[PDB]
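*Asks:* Protein chains in written order, with the authors' numbering: chain A, 1 to 275; chain C, 1 to 7; chain B, 1 to 99. Where is the CB? At the ideal position from N, CA and C, for every residue including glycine. Quick one: this structure, given as structure tokens, is what I'll be asking you about.
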Ligand SMILES: *[C@@H]1O[C@H](CO)[C@@H](O)[C@H](O)[C@H]1NC(C)=O
Ligand code: NA
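Structure, rendered in structure tokens:
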């Protein structure tokens, strides 16, 4: 449907030896296309998707300069955050932020995002209008007041409507075979007797893309929300994803349970019973 | 690949 | 914040004894990002373990995927062992071909 370019940035004050002071990974939808980091001030960049082989050398040369400047600015921000929060020196603190832009099926821009967190908690978020900010406390309220006085959201918008749109368009073009697809799940039910006479029914979904999915068990006349065990959707490592959901049921009543699967690649929810 | 100065 | 990792151990494809496959150790929901992950077969540390880049989710918690080549059998044991600063001690999770 719609397509998104996303970057996930992390800065660490006094990381461990050999660990990055700054790292960012970039995605189109659920496909990673690069890793950037800075260790002891040295920037490094690595491609991760096949379409990145088509980028010209200047792409990587400009990216390296961006990495150096971002890593120095994040380090400075972490130092000021320590002061405004009256925190002791020596400890290690974390600054994370996300950056994205989204286009619809016709490449029209639909939205964009900028949001930051400090030590794993929300700090500041850019609103849907792309012009105002939401803070969480009096420190982040200083940031908001400064960013609004200086009209900083204008330059984020220029980035969104400039490089973010440029890159999203070119990546989708060169990587169309990977990105413009929807692989539906392959589903089946597994049956495992338990030593007490009852039975585990495990509903599997494999090989689907994108990752968003839903699995649900249902009984004749009883809701199973609280009864069923779900695992977090997980990468198979080849581009696809997998998941399962399980319930314990008495032996002999297996055929009154049904597993429902919902996914983008399915025009209707799939239904499954044991055997 | 964009960063905003917090403080 | 000080979030504890959740761990799942599973094969890329549905396992079939004696068939080359990939074993995954998916670790999620932890913060800070520093973590140590090892994979073991029959008590021996596997040398060839590749790691994805670390990333993070909507709630800012981190996640990462470790994986290695393996051939399942009926007599071999596989585990993932994980240490994070939120844990007093390492936690080992064994592969179960049903999960
Ligand atoms: C830090 O101390 C200053 C006073 O210099 C105060 O205004 C501020 O609220 C304090 N912040 C915290 C997080 O204690
Ligand atoms: Na953070």
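If the cut is a Cβ gap below 8 Å, which residues of chain A does residue 8 of chain B touch?
*Replies:* Simply 231, 232 and 234.
*Asks:* Which residues does DSSP pair with residue 26 of chain A in a beta bridge?
*Replies:* According to DSSP, which records beta bridges pairwise, residue 26 of chain A is partnered with A:7 and A:34.
*Asks:* When DSSP labels each residue in this structure, what does residue 169 of chain A get in the three-state scheme?
*Replies:* It is helical.
*Asks:* If we ignore side chains and look at the alpha-carbon of each, how far apart do residue 52 of chain B and residue 34 of chain A end up?
*Replies:* Taking the straight line joining both Cα atoms gives about 11 Å.
*Asks:* Give every residue of the same chain whose Cβ lies closer than 6 Å to the Cβ of residue 52 of chain A, excluding the five residues on either side of it in the sequence, and list them in chain order.
*Replies:* Answer for residue 52 of chain A: 33, listed in chain order.
*Asks:* At a Cβ threshold of 9 Å, is residue 69 of chain A touching chain C?
*Replies:* True, the Cβ-Cβ gap to chain C drops below 9 Å.
*Asks:* Using 8 Å as the cut-off, classify the Cβ of residue 95 of chain B as near or not near the heavy atoms of ligand 2, replying yes or no.
*Replies:* No, ligand 2 has no heavy atom inside 8 Å of this Cβ.
*Asks:* Which residues are close to ligand 2, meaning CB closer than 5 Å to any heavy atom, in chain order?
*Replies:* Listed along the chain, these residues meet the criterion: A:94, A:96, A:117 and A:120.
*Asks:* Around ligand 1, which residues pass a check of Cβ closer than 6 Å to any of its heavy atoms?
*Replies:* Result: A:85 and A:86.
*Asks:* Which residue's Cα is closest to the Cα of residue 275 of chain A: A:4, A:204 and A:197?
*Replies:* The shortest Cα separation from residue 275 of chain A among A:4, A:204 and A:197 belongs to A:204.
*Asks:* Please confirm if residue 61 of chain B has its CB atom under 9 Å from at least one CB of chain A.
*Replies:* It does: the Cβ of residue 61 of chain B has a partner Cβ on chain A nearer than 9 Å.
*Asks:* Any beta-carbon of chain A closer than 9 Å to the one on residue 52 of chain B?
*Replies:* Yes, residue 52 of chain B counts as interfacial toward chain A.
*Asks:* Against chain C, does residue 187 of chain A count as a neighbour if the rule is that its beta carbon must be under 9 Å from one of theirs?
*Replies:* No, residue 187 of chain A lies away from the interface with chain C (no Cβ there is under 9 Å from its Cβ).
*Asks:* Looking at C-alpha atoms only, which residue of A:24, A:45 and A:152 is the closest neighbour of residue 61 of chain A?
*Replies:* Nearest C-alpha to residue 61 of chain A: A:45.
*Asks:* Under three-state DSSP, which class holds residue 174 of chain A?
*Replies:* Note: residue 174 of chain A maps to helix in three-state DSSP.
*Asks:* For residue 134 of chain A, which residues in chain C fall below 7 Å Cβ to Cβ?
*Replies:* Chain C residues near residue 134 of chain A: none, gap ~14 Å exceeds 7 Å.
*Asks:* I'd like the ranges of any alpha helix (DSSP H) spanning at least 4 consecutive residues and lying wholly in the segment 68–150 of chain A.
*Replies:* Taking only runs of at least 4 residues, the alpha helix (DSSP H) segments lying wholly in the segment 68–150 of chain A are 138–149.
*Asks:* Which first and last residues belong to the beta strand (DSSP E) in which residue 157 of chain A is found?
*Replies:* It is not in any beta strand (DSSP E) - residue 157 of chain A instead sits in the alpha helix (DSSP H) that spans 153–159.
*Asks:* My output table needs one value for residue 18 of chain B: the three-state DSSP class, helix, strand or coil.
*Replies:* Looking at residue 18 of chain B - three-state DSSP - the assignment turns out to be coil, as it is neither helix nor strand.
*Asks:* At what residues does the beta strand (DSSP E) containing residue 278 of chain A begin and finish?
*Replies:* There is no way to answer for residue 278 of chain A, as the model of chain A reaches only from 1 to 275.
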